[PDB]
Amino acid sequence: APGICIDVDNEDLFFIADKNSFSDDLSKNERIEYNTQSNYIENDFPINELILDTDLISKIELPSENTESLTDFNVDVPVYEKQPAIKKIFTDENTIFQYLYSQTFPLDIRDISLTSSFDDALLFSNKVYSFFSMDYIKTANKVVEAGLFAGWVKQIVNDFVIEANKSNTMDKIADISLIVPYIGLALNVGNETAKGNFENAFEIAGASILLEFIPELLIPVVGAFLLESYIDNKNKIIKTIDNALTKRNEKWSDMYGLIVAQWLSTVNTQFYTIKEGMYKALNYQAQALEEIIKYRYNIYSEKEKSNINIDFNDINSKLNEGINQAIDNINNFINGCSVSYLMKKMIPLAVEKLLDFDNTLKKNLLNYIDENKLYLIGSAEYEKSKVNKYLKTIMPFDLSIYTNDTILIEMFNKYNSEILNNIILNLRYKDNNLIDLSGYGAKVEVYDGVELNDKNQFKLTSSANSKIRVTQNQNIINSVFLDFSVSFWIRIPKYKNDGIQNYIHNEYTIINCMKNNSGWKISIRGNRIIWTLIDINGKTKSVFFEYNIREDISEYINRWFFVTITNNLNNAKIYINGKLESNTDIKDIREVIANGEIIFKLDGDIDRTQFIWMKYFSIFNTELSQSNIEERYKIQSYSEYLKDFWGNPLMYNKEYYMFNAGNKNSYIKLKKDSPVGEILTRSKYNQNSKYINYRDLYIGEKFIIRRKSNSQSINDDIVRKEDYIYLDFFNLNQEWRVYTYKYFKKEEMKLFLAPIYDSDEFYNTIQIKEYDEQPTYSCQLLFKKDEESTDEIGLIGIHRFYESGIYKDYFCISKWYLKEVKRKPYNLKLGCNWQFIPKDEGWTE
């Protein structure tokens, strides 16, 4: 009788209510009349009212118990019988039950070891499956000397606690608040969550991937209303119209309650079983470690035990607090997933059918007003506007209507307090394409003319096929009372000097969301970015942001910046890089249609070489606060790598002109017949116009960054923080290098620029830095003696040197900068702050 067979209690299985459990009554018709009332039954009753109700207990005395004998014994006696206690089945699946079995071991076995192979744990008695990291497994499996043991015991216990407490995403820009990333490996529950990277799979598909079963919902087509004729009475016709609208609300509420009942008995049940699984999985992993520790302690000789101080109750106690911390995280994560499935995968499907019912009722009610217009005596038109006003605003879902359980209310209130759950469209790059990671499943189709890269940047060109079409989910809930935000990053190219008039006057649309000549629009006119609202009547409001085109150095022109647009009752606002720039009042407008197709396309009287870059386009169904936007600005600014002047990633083996944030109109030139950096002044814009001014950027020596050692990750050519590098530059044909002199007696000293040669009195090793904690494209350059040494010589910068005559600025190293870089606010205008400028298509001069 071979084959691995696991005995599973019926108790540990998933309770999933059949579709036949739920009522179909919402499909029946209602007859509406002058005196028709609403039907609600609250499942509550106050206990204090029950305890002090004088009417509850009977005042009437109990009649005598004695009576005539029973002679009619007729009665139905139920009959019971037993059934078998085992049912044998064969399955290909390896889910929760199978994965937990792999984490146990028999009582009599000695010398267990941990493994990441599920199949080996099943085959071999001494192998126990584990879902923690490769490093934990290896450290748990290590055998050591007696003197090192108590150190190893302290370490692996601590490592257990750390591994259990992992509660964050590795990708920091992903829009995910809480996650426990080892859940997939622990149970393989749902759609193969042990295979592949679980955190990655969760970002794409959400809570759905943990469900072992996707239930089939009952969502009935709400029945017709049959309004009564009262040809005599005006009063009763208006009451019938009022009773129709009031009964429409009952049908919304009952539909929501039908969805909540299915949620709790088919989805929230599954997530409960998952929480119980993780509790057991975690306890098995602690039991395995306690068995490994105990076994290895007893291999040592009896005298070696008295050189090793171990407390086994302390170990059990310390692992248990680690489990209890982990269970808190898991309960929060899973509770969040359950509410998420309710709000994204169930509620909207009900709303689809309820809007369809509202539509059929509106047609019915208006025809009823029209049939009775004579008996309404010209009040008719007041009733038609009441009907259209009442059926415009839809009933919002509130779980607290359908339950008084505080655990469920707090789940729901936590969900609504987390701003990431307000995202309704979130365009991101996966597998050479753009997709929606919001969870609402919007359709996205990118045509061939849009260039994409894996840094989430997309390019809209003037070509006809450079287009994206997003089709929004129609079942998300804000027509009249706007409450929504839009955010994205953008890099807008510089004007052409010859064609300044086409630039400054010709407005062109980039993103267009319109239906029946109503919606919203993002457009650009030269150095102005514009947000526009358009209502059903054709009315217009705008708010804009304009950046200065007469600036020595612009922070906006052809450089990546962050835009956020916010809309409520009063205002439409534009924020740039987290700060409020503009504000327009929008009360005058009424009813904007935001459910249209979104078209990403250049449209207008444009130059044929015009283009736009964009990144991280997303839409929120609420008005983002200043904090939310500033937080989002910082999060989307994060990288392991450094950035160049334009905001793109900084690269090895790329030609760069150097810029200094403290001396902005300055540049490095190699001095005539001398090996030092001479500092000149930048040549400004030559001639003509009046509207334009800038300073030349492609000027000074052409630098280039070179990596020190080949023994590293040679996958990409991207410069990261704390990397060791040589700073080189071109001199006619050859490549020269930047050095510092090993003797450095004064505070500031000129730098030695010479060809590539191994000298003995000059250091060449630079460490590239980023001392600024806020977002920036400025980096710093630190000289040391060599890589291993913890002493730091000084930072590269600029100083005004005195040299006698019988003052001039030089490219230097300085000690004074190291005493300033760690001050609280951080000086952006420090002379050690450099930025690298490559030659870019969107800046010509």
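All residue numbers are counted from 1 along the displayed sequence.
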(request) Using the PDB record, quantify the missing residues of the deposited sequence between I806 and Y807 as none, 1 to 3, 4 to 9, or 10 or more. (result) 4 to 9
(request) Using what the record says, work out whether there is a hole in the model between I553 and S554 and how many deposited residues it spans (none, 1 to 3, 4 to 9, 10 or more). (result) none
(message) Comparing average C-alpha B factors as deposited, tell me which of 759-767 and 322-330 sits higher.
(response) 759-767
(request) Output the stretch having the higher mean C-alpha B factor in the entry; the candidates are 284-292 and 233-241. (result) 233-241
(message) Quiz for you: based on the deposited Cα B-factor, which of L437, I536, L100, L211 is highest?
(response) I536
(request) Determine which member of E81, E276, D603, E199 has the highest CA B-factor, using the values in the deposited entry. (result) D603
(request) Report the third (lowest, middle or highest) to which the CA temperature factor of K389 belongs, ranking only the modelled residues of the same chain. (result) highest
(message) Test of reading the entry: by CA B factor among the chain's modelled residues, which third contains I468?
(response) middle
(request) Divide the modelled residues of the chain into thirds by Cα B-factor and specify which third, lowest, middle or highest, holds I57. (result) highest
(message) Using the temperature factors of the C-alpha atoms in this entry, rank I16 within its chain: lowest, middle or highest third.
(response) lowest
(message) Splitting the chain's C-alpha B-factors into thirds, which one does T193 fall into?
(response) lowest
